[PDB]
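*Asks:* Below you'll find the sequence and an experimental structure to go with it.
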Amino acid sequence: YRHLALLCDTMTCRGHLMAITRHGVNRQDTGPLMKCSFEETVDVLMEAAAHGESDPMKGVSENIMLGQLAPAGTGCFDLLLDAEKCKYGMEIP
Amino acid sequence: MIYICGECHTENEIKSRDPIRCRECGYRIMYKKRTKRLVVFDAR
Amino acid sequence: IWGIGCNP
Amino acid sequence: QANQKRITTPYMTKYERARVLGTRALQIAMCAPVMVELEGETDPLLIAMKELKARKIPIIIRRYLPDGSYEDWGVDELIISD
Amino acid sequence: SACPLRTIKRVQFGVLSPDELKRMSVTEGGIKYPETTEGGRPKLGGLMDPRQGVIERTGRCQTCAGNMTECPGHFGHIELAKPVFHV
Amino acid sequence: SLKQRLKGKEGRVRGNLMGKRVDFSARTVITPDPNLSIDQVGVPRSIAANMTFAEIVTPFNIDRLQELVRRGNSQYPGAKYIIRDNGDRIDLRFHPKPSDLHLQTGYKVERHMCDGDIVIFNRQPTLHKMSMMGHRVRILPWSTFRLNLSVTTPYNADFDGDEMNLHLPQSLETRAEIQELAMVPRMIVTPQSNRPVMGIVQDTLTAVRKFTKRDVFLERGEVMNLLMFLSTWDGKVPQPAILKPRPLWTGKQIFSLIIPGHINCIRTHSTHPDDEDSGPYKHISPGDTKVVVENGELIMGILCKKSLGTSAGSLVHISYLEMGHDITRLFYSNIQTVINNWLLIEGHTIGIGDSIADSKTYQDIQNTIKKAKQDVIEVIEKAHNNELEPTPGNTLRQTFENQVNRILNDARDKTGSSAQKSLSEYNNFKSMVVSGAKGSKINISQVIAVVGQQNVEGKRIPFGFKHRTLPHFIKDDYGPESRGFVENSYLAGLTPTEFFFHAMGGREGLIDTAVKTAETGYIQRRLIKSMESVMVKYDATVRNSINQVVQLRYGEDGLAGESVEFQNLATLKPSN
Amino acid sequence: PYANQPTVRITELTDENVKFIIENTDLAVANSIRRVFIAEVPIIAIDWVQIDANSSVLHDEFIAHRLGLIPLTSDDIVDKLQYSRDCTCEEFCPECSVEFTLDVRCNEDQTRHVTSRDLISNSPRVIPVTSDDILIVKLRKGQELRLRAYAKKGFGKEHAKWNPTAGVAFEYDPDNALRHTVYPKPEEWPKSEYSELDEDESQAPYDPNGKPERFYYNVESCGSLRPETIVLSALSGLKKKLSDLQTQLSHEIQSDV
Amino acid sequence: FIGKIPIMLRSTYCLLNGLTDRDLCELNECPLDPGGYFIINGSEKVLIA
Amino acid sequence: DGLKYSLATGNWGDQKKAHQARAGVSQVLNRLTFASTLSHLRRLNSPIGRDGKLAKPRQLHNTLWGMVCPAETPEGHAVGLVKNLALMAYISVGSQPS
Amino acid sequence: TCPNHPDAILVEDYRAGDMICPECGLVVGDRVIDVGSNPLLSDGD
Amino acid sequence: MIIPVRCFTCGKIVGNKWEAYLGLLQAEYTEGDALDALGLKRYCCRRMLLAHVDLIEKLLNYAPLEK
Amino acid sequence: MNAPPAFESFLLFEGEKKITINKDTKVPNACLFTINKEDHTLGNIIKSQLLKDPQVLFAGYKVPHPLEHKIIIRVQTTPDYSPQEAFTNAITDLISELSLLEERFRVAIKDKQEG
Amino acid sequence: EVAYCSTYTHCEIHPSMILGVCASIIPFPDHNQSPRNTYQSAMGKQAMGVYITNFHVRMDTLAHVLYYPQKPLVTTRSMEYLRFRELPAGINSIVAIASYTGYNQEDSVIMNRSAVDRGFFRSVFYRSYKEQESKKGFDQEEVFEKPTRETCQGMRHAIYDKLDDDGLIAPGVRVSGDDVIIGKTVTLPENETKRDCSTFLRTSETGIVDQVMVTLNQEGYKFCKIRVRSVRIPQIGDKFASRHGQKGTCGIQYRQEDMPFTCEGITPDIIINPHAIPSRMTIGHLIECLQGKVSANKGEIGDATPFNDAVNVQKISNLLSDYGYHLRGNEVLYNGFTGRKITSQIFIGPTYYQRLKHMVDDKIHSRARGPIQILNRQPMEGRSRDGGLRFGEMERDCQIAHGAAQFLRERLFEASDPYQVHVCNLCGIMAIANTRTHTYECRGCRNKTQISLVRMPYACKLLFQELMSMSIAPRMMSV
RNA sequence: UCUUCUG
Ligand SMILES: CO[C@@H]1[C@H](O)[C@H](n2cnc3c(=O)nc(N)[nH]c32)O[C@H]1COP(=O)(O)OP(=O)(O)OP(=O)(O)O
Ligand SMILES: [Mg+2]
Ligand SMILES: [Zn+2]
Ligand SMILES: [Zn+2]
Ligand SMILES: [Zn+2]
Ligand SMILES: [Zn+2]
Ligand SMILES: [Zn+2]
Ligand SMILES: [Zn+2]
């Protein structure tokens, strides 16, 4: 039921029925590059250029296009080195 | 550099940049002769 | 290939 | 965020375990000092697994909440998903 | 190489200004020659401009020492005599 | 044009950015290998030699990498390149100076792929997440990728010319990602249907049914050989079920050693009589159905598709849910090895003797067909006299077709049931259908009794010629044979008109397959594009890229789909 | 804890066939002997071909394959011959090989059938089982085949060209009494040639105490070896394999302790 | 002379028409070859109906 | 050149104009096996587009009894759009009506 | 142009597409083959 | 193209029997009788001689490449 | 192209041991013998003769992979008996059986001919 | 009879004539499922056999000819008019429908290695390479000669020793992969000597040259065709199919000793899984095995015309009962490894099996740091060009579902097209950058200080530049 | 740019 409910929730989240088509998906206010990957492509890019839209770069597809690490799993978090723990313990090598 | 001829099966030596025509028949389809070096075939 | 309710 | 008022899950997520073990193994391959005594373990990934079991990996995970704040959980503090 | 490594956090889309196009293009005075070849191979102010990009996989473009890999290419500009609608 | 380049598929936006051709990938035909474990894949030596995984030189591994460098590209466990600290790459094939071969910490030796290297295995189309799983590499001396038979069900791959793609991760970080997220044992259970993806299949399922029958008794030496292929054996021979007159083990006794740990499960065999549960002998089952496993020991029951297959509550599903993924991987492999080595003793076959039935059964099938044709004739005569009354909401033509189809379908099913009665215990068609490995009751019925009605576009065979199906039949013939009913079985052989009608039905099947592939591909892509960025944040809210809250908790209860199980509330139904 | 003492009766012995019954033996030993017949009895067969001229319709590797499959008499010389790997000399020498040479050209209008008789051996003992003939290739007028070949010792585990036998027939329990095979309908199955039952009874009554014994054999030869010699050589070779295992096992046992 | 028309093999206007099988062998053409294809630019092309 | 071009390319028309050209005619003969050669010579190609997935032109029709093989059709994106003549079928060459 | 080998002829390679110094094996130029890629009639048009 | 030496299944030499099989067929023996006379008993061996198609004669019809 | 040479099935490559004896930690008085470059031929005879021995509690043979050439034989004996001793005695018994069979087959051959 | 029609105007000559050329070779077609007959029609086109008797004269690309074709033991009467007897494609094989070791599972097939050694399903693959000496160039002449590394400035390090003086390798010389079949040289205009123009063997061909021919083509230029022959012993990847739609690869090859054996000593040449038959309902395969057993024993080729009414399974079974075998065709089998009788009796009989053109050697490909495309600087495509396999959009969606972000990044950026660009901080547009000069400047701002290095796929750089050429500005700003 | 196969 989780997988069915998620699709139903994404389609009806905005308050208007969002068809899973170029029209419904591309009308939502996502990033222009993410819209570009789905169907319309160049037309979406032209409109975004005309209106001065900025891509937040929070999407998975947008990060994949630019070669950056995706915000998906294993990319949600940023690891940091722990100096105090490095000092502790037996540093054999 | 000995070419066997298709039509009359007579070997004719042809130098480099020489027309490919067999003497004694005039055919223009030549075959290079089997190499002298020998290949070992496993019966397998 | 079976019937009308089955498969062709 | 402050050290208090941590709302994220105490258990280490599977993706965190994957990335922590991989990163620590890459460090071990680059001749980083190893906290856990190795019993003839040469493969960096296996040594990283041993360290994770001993909770001696020197990495602190920064979890970004959707509001923009971050909570810094050390690998030791997180409960291993295993 | 001295420039710090950065990751794009925002991509801003806008129509290119004609003045910015003039300044940015390495070609000066526009592409005056339809022919791509002058002096045998290279035609300055032509379609195949040495400054515009690396040619023949061994040459270096005039603007930077690309060696067919480092150079990303550089844009050129054509000054249309009379304006034309963009489709 | 620029827009033409970007817009279309295989353009820069999609064909070169979203997907692209990659290095360190290999592809070849796949062939079975029962001996390989679930996670292992068999890689040919040439594919392994071309593909290289760079290893950083450490003080721990400098000696091993030095030996690999000395071997070079020619000897198989060799190194193709040396990458120095400066980034200089020393290709070992062309002669390197003996000075260059020397290694120091920080160098990266590109060793050939060796046994135990984690790789990602793919088969197009990649419909679901289980179609890309991480496999350990085992090098074997032929030119085909070799994967275990249980792993075929997730990939939807059979070994009839299929091919798969092999991608080798090139860094320790990505290798660890694959090892801890995408390995085959970790993805035994799908979150889609909270069921196990992989199950015992083909020979092993068919033979596990026979192995687990009450009849099977194994002597001492056969037990020795079977235990030899059990990887998790404690080394202690179980006490035989029949100590005297001659020590004889039972199939269930040996399979209990395969069962991992202490797993408790109750399932029912496919042939379980419905009345058995209510009546006596409910626990002492007369037919040896009602599989029960207590303390990881098979007390009773005949294993089948329901017990060891890809369904909820299966023994494999309970193993993954209770024991863990590693022990479950061992469980799959051990079932396959031990049962496949018993199958050498027992054996399986399919012959014409299976298709043939008793003479009495053939006469019964023929009589059913005779009376069915008579009934269709009576319906036709009623329709011609206009005595037939239209069914509400249907025209007289539609109601005539409904009644004729009902008569023909009832006859078809009755003939099939007679054929299925005729089947003996030894019949191998029945073995495969009962075990669930392959086939169905319908296929047995068509093989032995009646192929059935041929329907095209949901109706009987239409009048392609003017008012008649084929030129041989008379105009305005609505009888059974004319409109497509195939009385003969496959064994008996179809008469020529029935052959053509059967061809028409099969053509409809082929066309449906071809159409469904394309339409379903489009639907799948659109769904993914619509929901690609939705994920569970650390608030455990489910948000898209814009950070709009799709759901406050995932699935409204914040639980993952693989962990959940079917359960009964038991407070709902009972009376006050 | 000791080996059973087997017996042998030879029912038939012909030039190409030996039928014998081994009694008081385990099934594993009997099956292993059958297996050694097929795969581990050494024979001399052609393994090296250098073709000087081949104008025949069949290509060179075709001719090499056909030549390899031709049986060569190896009754006594095979024991004397050493494996090419054992011989110290480089490549092939008379101690480690036998040289066959074939030269045939068709000058007559009639088709010339190149047969095994045209193979000529330097060693008299090894001949292509000629003393019709196996057809290597057919030659049209103006087509010539000249080749030189060397024959090496080997056994069938390497290649089927070194398989001494045509068909080894192995059967035990001719009337099913140990119920090793469970007939669904006992009556339909044809009775074995060795069956001792009357026509009325299809199967012998089940004997729980009985174990497989009195194994029936029928060994047929390709002419490379005498059919008796195949059996004797197989027994000797299996004995040698076990003795080599024993030597290596003694080495390992002593080294560990 | 107004041009050249490609000739389908073993048709009436082909050289192979009405030739005994021995003669076809003499021309190094198979007796069993069906014909019905054009040899255009050295490759045999078949006009699908 | 016109005849040779139209045969070699597989486009039915002129060199300058490809708008009205019909591709798919004049394929290279398959010589994997004699059966492949024979079937390639006796082949019918329905003009309906492969891209269209409408199933009516693909289904086997009752009128194909004895004229076209019921079983032999390519399986894939051209199911039922490529057909092979039956053994006894003979296409009419044509005659004057006078 | 091997830096350690003045005037060294670099052998071409087809497997990876690079010119390699034959006496030391150093790869000079990483992926510098790529694909590596009627003038008679008329002229430039 | 030519009769195989050594029937595939068992390995009995069957290459020497093709011309004798053809001759027995000319002598009006039935194919089964000819196979029995040649000594081929197992159906694997009889398959070789019964199903063989001698294409090498058809190939020999063509004139030699070199005379 | 990746096909192994045919001689690899029975020829030990240099540095390979025909027999390697490794003890089994799980159960007392059990040893696991690995035979390289051997097949079911030797393994079945050895296992059968071992099973005939009253002091051998367990005896089985396994080919780990058909493409590879190796036999693994597990022998477990009662205390006061050693698995290695059982293996040696099995080989001696098999050799004795084969020698007796050779003598009797030679006698049968000689009797069948001219008798 | 009972009156159905008394006005028949025509009669069919024979109902089996409804089938075409490829479907006529199917034995007992009426006993199979319809999709299976359709599949066999396609598989029979891809089978191997002597395509034509003049194959020696012909120089064709991709010609396969089987060593020992055999005519079917169970044949249709209409096959005679198809000339299938004259030019058969396939070998009758003793086939056992049994589960032996699990290597025949799914559709795979266990094959007898000893039979394979004796010539079973062995084939030859001929590949012809054509090259034309073109002198049409104004100053370019593609002369046939043996290129010399010293003389030719352009050359390759593959083996050139094979080439003779004419630049054409002599027939009878073994050619391994990446060897020069034909050596050709284009004279180089000295704008101010030689760019190598030899032709190289397809990788892993590993064949021996069969024929080399030198002629003049239609254009009159010298034309050279070279045919390379490679024998193809069946392997554990090759695809074999019967005439009833059952296709499968060879799972493993067991020697004659290991294969199960009847009491007579007959070991199956091919073992097929019993699981293939029931779902596919190809009973024609079983009836063909029974009729083949009867035919091999009787000595007469069996008749398998589709619609006969004189040939029934019961009649074939009685005929087989006469010849001493079980009437349904089952035979008691013995296990090759242990010798024990298999408890179930295995169905063994001769069946015509074919060998399809699809072989593992032609279909195996591996790529690792190979050449890249010019336009995208991405790996090439195709086995011939050492191309990498495509990581499609469906594959990237699977990886997203996994959560393996770094493997996705490696596969989609680092493995395929890594690249670095320099981007102005003030304006997102890329800036000119001279690494060797160490001076980095941005046009349009007259700013040198504010430039940042950005790592992006080369395809993404190309996308942004193509957007710029359309007057769209994709200003990537690090901030 | 085409056609033909393989899933
Ligand atoms: C079982 O499903 C598979 C997959 O879905 C994949 N596949 C195959 N062709 C296509 C295609 O054109 N387009 C897409 N997207 N996928 C495709 O192939 C399907 C089956 O096809 P089949 O029905 O022929 O499999 P047999 O039942 O025939 O197997 P036998 O007995 O021969 O081994
Ligand atoms: Mg498949
Ligand atoms: Zn001449
Ligand atoms: Zn530049
Ligand atoms: Zn010697
Ligand atoms: Zn150098
Ligand atoms: Zn035989
Ligand atoms: Zn700027």
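*Replies:* Now that the structure is in, tell me what you want to look at. Numbers count the residues shown, from 1 in each chain, chains lettered A, B, ... in the order given. Ligands and ions are numbered 1, 2, ... in the order given.
*Asks:* so residue F:120 sits right up against residue F:132, yeah?
*Replies:* Yes. Between residue F:120 and residue F:132 there is a contact under CB atoms under 8 Å: 5.8 Å. All C-beta atoms are positioned from the backbone trio N, CA, C, and that covers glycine.
*Asks:* Can you pull the residues that touch both of these two?
*Replies:* Counting by CB atoms under 8 Å, 6 or more residues apart in numbering or on different chains, the contacts common to residue F:120 and residue F:132 are residue F:182.
*Asks:* helix/strand/coil for residue F:437?
*Replies:* Three-state call for residue F:437 (DSSP: H, G, I helix; E, B strand; the rest coil): coil.
*Asks:* To what extent is it buried, counted in neighbours?
*Replies:* By other CB atoms under 10 Å in any protein chain shown, the residues close to residue F:437 number 27.
*Asks:* surely it meets residue F:202?
*Replies:* Yes. Applying CB under 8 Å as the test, residue F:437 and residue F:202 come out as touching, 5.6 Å apart.
*Asks:* okay, and the common contacts of the two?
*Replies:* residue M:275.
*Asks:* Now do the buried residues in stretch G:191-211.
*Replies:* G:191-192, G:194-195, G:202-204 (16 or more other CB atoms under 10 Å in any protein chain shown).
*Asks:* is it anywhere near chain L?
*Replies:* No. If you take CB under 8 Å from any CB of the partner chain as the test, stretch G:191-211 misses chain L, and the best it gets is 11.0 Å.
*Asks:* and the end-to-end length of that stretch?
*Replies:* The first residue of stretch G:191-211 is 21 Å away from its last residue (CA to CA, to the nearest Å).
*Asks:* Can you give the contact residues for it?
*Replies:* Under CB under 8 Å, 6+ apart, the answer for stretch G:191-211 is F:245-246, G:27, G:171, G:174-179, G:183, G:186-187, G:189, G:216, M:263.
*Asks:* ok, and which of these reach chain L?
*Replies:* Checking the contacts of stretch G:191-211 against chain L (CB under 8 Å from any CB), the matches are residue G:27.
*Asks:* Could you single out the nearest of the contacts of stretch G:191-211 to residue B:11?
*Replies:* Looking at the contacts of stretch G:191-211 and their distance to residue B:11, the nearest is residue M:263, at 59.6 Å (CB to CB).
*Asks:* Beta-bridge partners for the spatially most central residue of chain J, please?
*Replies:* Centrality entry for chain J: nearest residue to the mean C-alpha point is residue J:19, 5.2 Å, by CA atoms, centre = their mean. With DSSP bridges as the criterion, residue J:19 is bridged to residue J:12, residue J:28.
*Asks:* Identify the residues contacting residue M:438.
*Replies:* Residue M:438 touches residue E:2, counting by CB under 8 Å, 6+ apart.
*Asks:* how far away is it from residue M:454?
*Replies:* 18 Å (CB to CB, to the nearest Å).
*Asks:* How about the stretch 151-300 of chain M: which residue is closest to ligand 2?
*Replies:* Using CB to the ion, the closest approach of the stretch 151-300 of chain M to ligand 2 is made by residue M:247 at 8.3 Å.
*Asks:* Tell me the bridge partners for that residue.
*Replies:* Going by DSSP bridges, residue M:247 forms beta bridges with residue M:241.
*Asks:* How about the contacts made by it?
*Replies:* Counting by CB under 8 Å, 6+ apart, residue M:247 has contacts F:160-161, M:39, M:43, M:107, M:239-241, M:356.
*Asks:* okay, the top helix by length along chain D in CSV with CA atoms only?
*Replies:* Determined from DSSP state H, the single longest helix within chain D is helix D:14-29. Provided in CSV are the C-alpha atoms of helix D:14-29 (Å, rounded to 0.1, in the frame of the first residue of the first chain):
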residue,chain,number,x,y,z
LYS,D,14,22.2,1.5,5.8
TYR,D,15,23.4,4.2,3.5
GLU,D,16,25.5,5.7,6.3
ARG,D,17,27.0,2.4,7.0
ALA,D,18,27.9,1.9,3.3
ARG,D,19,29.5,5.3,3.0
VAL,D,20,31.3,5.2,6.3
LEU,D,21,32.8,1.8,5.7
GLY,D,22,33.8,2.8,2.1
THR,D,23,35.4,6.1,3.2
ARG,D,24,37.2,4.6,6.1
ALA,D,25,38.5,1.8,3.9
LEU,D,26,39.7,4.4,1.3
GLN,D,27,41.6,6.1,4.1
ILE,D,28,43.1,2.9,5.4
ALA,D,29,44.3,2.1,1.8
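*Asks:* Which SSE is immediately downstream of it?
*Replies:* Note on helix D:14-29: by DSSP states H and E, the next helix or strand toward the C-terminus is helix D:44-54.
*Asks:* any idea how far that following helix is from the chain center?
*Replies:* On the basis of CA atoms, centre = their mean, to the nearest Å, helix D:44-54 sits 10 Å off its chain's mean C-alpha point.
*Asks:* residue of chain I with the smallest distance to chain F?
*Replies:* Nearest to chain F in chain I, going by CB to the nearest CB, is residue I:62, at a distance of 2.3 Å.
*Asks:* residues contacting that residue?
*Replies:* Applying CB under 8 Å, 6+ apart, the residues contacting residue I:62 are F:461-465, F:469-470, F:500, F:504.
*Asks:* With residue M:302 instead?
*Replies:* M:73-75, M:291-292, M:294-295.
*Asks:* what about the helices in the chain?
*Replies:* Using chain A. A:2-12, A:22-27, A:32-37, A:42-51, A:60-65, A:83-87.
*Asks:* Sorry, I should have been clearer: chain E.
*Replies:* E:18-24.
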